[PDB]
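Chain by chain, the residues:
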Amino acid sequence: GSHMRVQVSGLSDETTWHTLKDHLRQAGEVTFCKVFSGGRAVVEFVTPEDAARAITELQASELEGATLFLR
């Protein structure tokens, strides 16, 4: 499922998983969304297309005042 997986960095201190999930629903359906230390998270989407759309169209987007980096 690596093709469906996106690594997120740059989250604000206050941002939790469901908020990130809602942000990324702009790109597609989210099947895994967990927040980790240092403003980071790992997300998986239903399809590789959704992951591609997130990286393509949501790169450096602001969430709760913080710019996200996607890879």
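(A) Spatial organisation of the overall build of the chain. Each helix and strand in the chain was counted, giving 2 helices and 6 strands. Each helix and strand of the chain, ordered N terminal to C terminal, gives the series β-α-β-β-α-β-β-β. In terms of overall size, the chain behaves like a compact globule, its C-alpha atoms giving a radius of gyration of 11 Å where 71 residues would be expected to give roughly 11 Å. C-alpha extents for the chain along the principal axes are approximately 30 × 20 × 20 Å. Considering the chain as a whole, with its 71 residues, one finds that 37% of them fall into the buried category. Within the chain, contacts between residues separated by at least 24 positions form 56% of all contacts whose residues are at least 6 apart in sequence.

(B) Spatial organisation of the pairing of strand 3 (residues 40-45). Side chains of strand 3 alternate between two faces, with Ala 41, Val 43 and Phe 45 buried and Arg 40, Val 42 and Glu 44 left unburied. As defined by bridge partners, strand 1 (residues 5-9) adjoins strand 3 across 4 bridges and the pair is classed as antiparallel. If you follow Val 8 over to strand 3, its bridge partner there is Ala 41. Across 6 bridges, the pairing between strand 2 (residues 30-36) and strand 3 is antiparallel. Note on strand 3: the bridge partner recorded for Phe 36 is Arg 40.

(C) Expanded view of the sheet that holds strand 1. With antiparallel pairing, the 4 strands of this open sheet are ordered in space as 2-3-1-6. Single-partner strands in this sheet number two, and they are strand 2 and strand 6 (69-70). Together, strand 1, strand 2 and strand 3 form the strand contacts of helix 1 (residues 17-24), whose direction differs from that of strand 2 by roughly 135°.

(D) Focus on the side chain of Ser 12. Relative to the helices and strands, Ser 12 resides in the loop between strand 1 and helix 1. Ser 12 sits in the buried class, given a relative accessible area of 12%. A distance of 2.9 Å separates a polar atom in the side chain of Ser 12 from a polar atom in the side chain of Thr 15. Residues in contact with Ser 12, not counting those within four places in the same chain, are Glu 64 and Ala 66.

Basis of the calculations
Residues numbered from 1 in each chain as written, not as in the entry; some residues may be left out. Heavy atoms only, no water. Helix = DSSP H or I, 4+ residues; strand = E, 2+ residues; numbered from the N terminus. Rg over C-alpha atoms; globule rule 2.2 N^0.38 Å. Buried < 20%, exposed > 50% of the residue type's maximum accessible area, 1.4 Å probe, protein only. Contact = heavy atoms within 4.5 Å. Pairing = 2+ DSSP bridges. Axes fitted to C-alpha atoms, helices over the stretch in contact; angles between N-to-C directions. Polar contact = N/O pair within 3.5 Å; in protein donor to acceptor, adjacent residues only side chain to side chain.

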